[PDB]
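Provided below as structure tokens are two forms of one protein chain, presented individually as structure 1 and structure 2.
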Structure 1
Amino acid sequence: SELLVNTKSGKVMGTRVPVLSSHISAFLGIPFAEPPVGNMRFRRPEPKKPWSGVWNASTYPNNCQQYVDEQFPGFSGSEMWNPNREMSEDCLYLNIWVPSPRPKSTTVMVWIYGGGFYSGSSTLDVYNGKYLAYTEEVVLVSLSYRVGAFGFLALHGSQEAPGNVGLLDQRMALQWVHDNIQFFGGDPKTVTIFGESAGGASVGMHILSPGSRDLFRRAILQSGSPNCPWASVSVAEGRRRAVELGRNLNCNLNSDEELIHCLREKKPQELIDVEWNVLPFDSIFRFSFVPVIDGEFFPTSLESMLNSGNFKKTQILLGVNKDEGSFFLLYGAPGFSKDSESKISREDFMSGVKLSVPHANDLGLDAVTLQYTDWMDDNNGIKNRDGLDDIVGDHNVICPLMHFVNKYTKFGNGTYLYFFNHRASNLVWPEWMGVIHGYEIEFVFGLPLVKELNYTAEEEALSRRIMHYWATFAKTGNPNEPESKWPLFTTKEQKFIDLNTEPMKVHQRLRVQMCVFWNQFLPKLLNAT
């Protein structure tokens, strides 16, 4: 039977799912690690023990324990990111969509969800892999990993909570895909890992980590890169946050062993209730438990690894969205609200920059403000709002990715860069937020192909070409069918294309002006002062 597959871990039985008036097979909720519960909370994952019998993989698995957004109860723009299954620490499962009839050896794509390292689920409607698997004939896998304290609490030097275990969950799932995907018809020699925001940073982290490199062939990074300022902390800051979490829960803080044992007796929700209390600054776009530069998963600093070429050399395809910062200003900066145009006063602009670059002294804050203020028209509300949107997006997503791409390209085997700037016709968020962080995903997963979702015909065509670029790149290392050509991004030319409903345009040096400020000048400034 097409729905029965035997893997090195045991037999698995899938389910047939309808897709665009056709059908494909789905194997949902395949376990790839032992549940990380009880004394295993905070520990590195252990491989799933093989099972006899047939594992029922007909339904989505639980989602990992996480902070649930309740800012706009029932609003679809925000609930589309919230867990849609029950949450459980028993959440280490993967999902596979397989074309029908089963391929023999085809292109594999493995999705790594984002969520700021503190949230996320592989089961969201926006990550439904049936459209992509069906339309491009690829075996599509979505993995899962622990987020928040459960995946990233770090007490470096302790083997009970070493940090980075969420990244190790991802690696374990990639090892399982490497060892078993051939049974589902996937070609393990051709696995492309792809992810957005924290998922895109994770993808770049596996490109860097010696221990992950061999598990995949090629990589796609959407609005995220490993060097993002919010994506990792030092072992001292990780330790400090872990100690502060224990302090919020009245834990004995005398030793790592005491702290961890106390943290392990708390119910999941007790940790999540105080998670946000451990941030060191009043800030925006900063999350509590994230990857740690440990000297193990990451042998040295990310910058020295990038500079010395200490990373997997292969082809990468990556890019950013036009207004990466809006989501974060809406949720925490003064002056922004969901139901108004959010024109920002000069004062709220200034308090917004302070929240945006929490690690900056006053000279640094003045430098940012001068860089983004039109002084011939400093009280312009739209300009202050949009300028702050650019500050947040440039500092947190765009310039870190441009720095990653110029460093990578020096040693890599091929880079394709995009700038996604299409505002979906059916977006439920306000106009002022523009092309929001995360809103290219629905195009990558082919949602515009389903009529009931209300996209335009040009949006369906945009989705079809993005999926075909993504799969052709996964298959060959080049998004172009051997029609308008997406040129290679090179060190000298730095070309990239716009991704939207208009005829392809090629440009060069994506936001160079602002990124020289964020990547070269500001750090020199903060370091000197």
Structure 2
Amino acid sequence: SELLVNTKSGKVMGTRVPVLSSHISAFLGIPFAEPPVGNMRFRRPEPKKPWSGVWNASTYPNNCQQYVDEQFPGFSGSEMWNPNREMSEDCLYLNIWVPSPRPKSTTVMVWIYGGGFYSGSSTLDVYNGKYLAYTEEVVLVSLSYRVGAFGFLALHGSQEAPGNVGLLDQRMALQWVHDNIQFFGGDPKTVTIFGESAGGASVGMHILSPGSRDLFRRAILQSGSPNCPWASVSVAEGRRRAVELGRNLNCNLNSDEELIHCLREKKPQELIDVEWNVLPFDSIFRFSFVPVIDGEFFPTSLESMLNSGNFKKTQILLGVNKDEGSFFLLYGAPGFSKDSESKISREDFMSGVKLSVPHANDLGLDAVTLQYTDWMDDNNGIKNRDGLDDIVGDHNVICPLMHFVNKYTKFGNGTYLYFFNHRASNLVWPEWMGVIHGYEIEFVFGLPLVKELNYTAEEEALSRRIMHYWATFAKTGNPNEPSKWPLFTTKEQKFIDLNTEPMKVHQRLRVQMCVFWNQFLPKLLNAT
């Protein structure tokens, strides 16, 4: 019986699932860790105590306790990201989609969701691995990890809440795949981890962390890189924010043991309800609890590590989307709404730059302004809107990622870079949002292959090309089958376009703006 598998942790019973007029196996809800509840909250995950009896792996598990977006109640565009299961602190589970007939030892892809480290579930319809598993004969895993305070509260020094535990959760799921994936027909020596948003940052962080390097083969990062401004904080700032969280909940701030015991008493929703209140006011596009450069998971600064070659050397495939900033502006910069064209005013354009760079003086702001202002027309609302869109994009995702790929390529064993700029025919978000942060995921997981979803036939083509590049890379370290996506080299910096037009290669992705963000601006803020 395919639906029955015996793992090092216990027998597991999966279920048969329909897919594109066929069927495959799916082991949903397998536990890889001990519920991080009660006195466990904020602690490193503990591995799941093995079990006798068969484990029902027929249905999706709970989603982790997280912030739920209600900006647009009922709107599909935003509800597709919210948890679609019951939220609980007992949420450390992974899912497996195994081809049928079960393979003997095939390519494994492990998905790490994103959500800025404050949100995210592995059970979203956009993360249904059945299409990719089926269309590409790959074993697909999707893991889960604690988010928000629950997975990132950091009181450096304490062992009750050292921080980064959400990343350890991830690592535990990865350890589990290394130890049992063979029983489902996956080859542990060929697992590719891939993620988008905080998931891409997370993927990058296991490339850096020595303790994670040996649990996977290759990596794929989508619109996220470890060095992104929103992905990490110092132990100093983490502690600052952790204290501040107790201040919001009326906790004895005497000692860490005290702090933690109160925080541990509060009901989940209580920490969620005040958790955005610790975010300092000069961090409008970031979230409160994120990975900490703690000296253990991250031996030194990400920058020195990137600089010295201190990281796993393998092949990597990463990329970004056309309009990375629209999401951030929509949810965090006034003047941008879901239903207007959100045209911006010169006066207001500048409050957005001031808003997207508090760490800058009237000189650094001028510098950003001069760089994104169109001096002959400048009173144009659209251009101003789009200018802010690019600023927030370039600064928060694209340029950090380009800096990472430039550094990574120096020591790596093959880099592949993409620029996804297709606007789905059925997008429910407005025109001004463009190709949105999060929207290449649909195509990577092959939702276009299902007619009910109203995509164009060519979009079914794009998704199929992407799914095949993704899986072919996972299987070989090269997206191309033995019309070629060229390696990204330090010299020629080539990359491709992912869209419906026929593939075209380009060079030096947003170099101009990224040389500004990466090299110039820093030197200037420092030199002033």
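Note that the rigid core is defined as the largest set of C-alphas that superpose within 1.5 Å between two forms. Residue positions are counted from 1 along structure 1's sequence.
Fit the rigid core and compare the CA positions between the two structures: of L215, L447, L417, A360, just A360 moves by 2 angstroms or more. Once both forms are fitted on their rigid core, the CA atom of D125 lies less than 2 Å apart between the two structures.
Positional change of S283 between the two structures reaches 2 Å or more at the C-alpha, relative to the superposed core. With both forms fitted on their core, the C-alpha atom of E347 sits 2.0 Å from where it sits in the other form; this compares the forms between the two structures.
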